[PDB]
Structures are given as C-alpha cells and as structure tokens.
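What follows is a pair of forms of the same protein chain, given separately as structure tokens and numbered structure 1 and structure 2.
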Structure 1
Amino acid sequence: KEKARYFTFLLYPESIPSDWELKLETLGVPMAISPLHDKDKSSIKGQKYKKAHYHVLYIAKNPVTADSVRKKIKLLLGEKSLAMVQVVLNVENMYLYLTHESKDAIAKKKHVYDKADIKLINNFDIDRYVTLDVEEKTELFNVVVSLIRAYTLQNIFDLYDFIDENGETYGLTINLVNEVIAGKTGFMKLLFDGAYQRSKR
C-alpha cells in the first residue's frame, strides 16, 4: 500500500482526553497542531459551525504506511479518538491549511486562523521537510538501485513507467527521481547496462 513519510489526521476535544496534548508528545514525533477550528462553515443546512477540531501534522523517519500511524495514535488516545489518516503529498501546503492559508483554503474563502496558535512539538522544523537534503538523496538513490535490480529495469523509460505505477509505495515521483539521479547518469548507465545483460540471460 501507499507509503509516505508525512501524514495528517484530525482530533476533536469532545472525544479525546484533556491531557491529549502531552500524550501526543509521548510518541517522540515531530508534529504541528493547528489552531482549534471552532469557526468552520458547516455543510449541514441549519448549522453554523462544524464541530471544533484540530489538524495534526505527523512526521515519521522511516517511511511507514497509513494504517500504522492510525494504529499507534488510536492506541494512544482511545479507540473513539480518530477515524482515518491522510497521507500528505505537499506538506508545505498542508502546513498552510492548518491556518486555512494554503493556496486552496484562501481560494475558497475559508475561515483564516492565527498562526501563533500553531503549537510545534518535538523539534518540528517545517523547512527540513520540503528540502530533502543530500543524506535523503543518497537514501533515495540506493532505493532506485534496488528497484532496477529487483525488476531488471533495462532503461530509464522502464524505470519511469514503474514509478508511474508504483511510485508512492516507495515514496517516489518522476520529478523526484530526476532530482535524485541528476549528476549520477554514469552510475545510471552501469545499472541499465547490467539490467540489459541480465535480461538476455
């Protein structure tokens, strides 16, 4: 299933303990807690505001799937604590949505929130998540290698097709691999050469 490093979920005060804030910290995970949403427009005719809720941005180190994260926070708070967990694809925009200031929330006239009420937890630094510095690129590259080995990918088109089909399972996009393999084309040639010989074995 879909595997990513960045996830999000919602919390409602009525159905989680008062101490929820610190129990979130027990996990040792970077998290951004949005300002409480008590002024959101309700789709229910006859109602003014949606139930007050928090948005939570959740960062694992090793890429993990969606159910994993749903499972531990459900265990952490109670089984009546949550429903589903979203996989976040542009965390920079989801961070902005916490204040309804993302390019789509400001676009649909959603209630804006105060960015000072954002509480960051466990050294949440948004900038390290949108940049993917050298150490991350090396791990991503080694992944691409194992993919070319496993599925005997003979050229970059075969690789591209495979990423289109199964990219998210390993946290990969085409524009991502372009960045990762940039300046490594000679290495890329050796792998494709090897794959090529392996497929006439």
Structure 2
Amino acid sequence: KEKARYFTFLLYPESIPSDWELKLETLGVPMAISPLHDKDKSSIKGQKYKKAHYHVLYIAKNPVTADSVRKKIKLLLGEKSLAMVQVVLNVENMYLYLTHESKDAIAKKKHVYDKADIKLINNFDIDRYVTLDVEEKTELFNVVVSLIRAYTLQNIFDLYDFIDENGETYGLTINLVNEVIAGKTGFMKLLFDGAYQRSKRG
C-alpha cells in the first residue's frame, strides 16, 4: 500500500496489441521505454537470449500505489500484459538501466543497447527527474554567491549572461541556477542590492 510516483514493469511483444505505444500515450502519463531487450544473456540451460521484452519507466502525477498502476496498464493493454510493477527507488539508475548503461549493469557486463532506440512518451525527459540533494543545492548556492560578489553581478540577467559564458567552469547552467535559487529569491534580492550599490561606489 506504499504510494510513489516512480514505477517500472515489463511488456513483452507477444501479449500486447500492435499499437501499444499509442495506447500508453492515451494515459497522459510520462514514460520511458527501453530499446527492445532482445539480446539479454539468459542463464536457463541451452537458451542464448531471454524472451524479448521492453522496460517501461513510468511516472505517475501524484503518489499512487503499484497496484493502481498495474490495473491501469491491464485495462489498457489486456489483463495478460502485466503481472508485477516494482516501485523505482532510483530514477536515474533505472533510466540508465534501460540501455544497460548503469553502474550495476556495467559491472555485470550486460548487453548495451542504443540510446536512440529509447522511446519517450508524453514529453518524458530524464533531466526533469534528476534533481539536486539539499547539500548540492547549498553547495551550488554558495558558488552562486561568490560569483555574484566576484563579478559584482547587479541582477539576474547579468548572472544569467555570466552563466551562459563561464557556466561550465563552475558546474552551472541556466536551469540549474533556477533550481538552485528557488525558494531563495529574498536572499537573491539582498545580493543584487549589494552588487547594485557597490558598483555605484566605484
């Protein structure tokens, strides 16, 4: 009865309608689908590859429960397309996993698939699910502060422009600055005020 937003499960071509992809789209939910996993080293006796399958990365809008997600997929594709739906405890790791390009896949030397074969439904983008921890945010925010003093950046445009240029040096991007300074605009306003009247003293 746990409730989460990130889920994963398998679909096999053998028990899904041909237009399954367009159907999954009608759910309005964002999804990542693996290249076809058709070259997975099996370890059954005398079997080279596993039964071919897709991995689906599925992110619900609000915390729901695995079972709810399962009945939804069953109703959509047929009661015979789904048995189990794990909750994903690490979206990044599991996104990489789709192409077996994650740390645990790399170490197990699993077959690597093609990024270009991944299917993105409903504007899914992994970039939106990897988000800073609290300490990274603190860390980056302090970097932002030293940038603003170091360069007497008078306002957010000036900061933005500076990031456009020198961003990589400091590990920063436009979107990352936005995530970093969220909830801290009061503090930002102190900084730009400071920068503003400093520049006026020169």
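Shifts are known only where both forms have a C-alpha. Numbers follow structure 1, counted from its first residue as 1. Rigid core (definition): largest C-alpha set, two forms, superposition within 1.5 Å.
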Which single option from 165, 44, 131, 150 is at the hinge, given the motion of the rigid parts between structure 1 and structure 2? 131
Treating the chain as two rigid parts, how far in degrees does the smaller one rotate relative to the larger between structure 1 and structure 2? 167
If you line up the core, how far does the Cα of residue 141 move between structure 1 and structure 2, in Å? 20.3
Residue 73: CA movement between structure 1 and structure 2 [superposed on rigid core, Å]: 0.4
Rigid-core-fitted C-alpha displacement of residue 119 between structure 1 and structure 2 (angstrom): 1.0
Would you please work out which stretches of at least three consecutive shared residues show Cα displacements of 2 Å or more throughout between structure 1 and structure 2, after fitting on the rigid core? 132-201
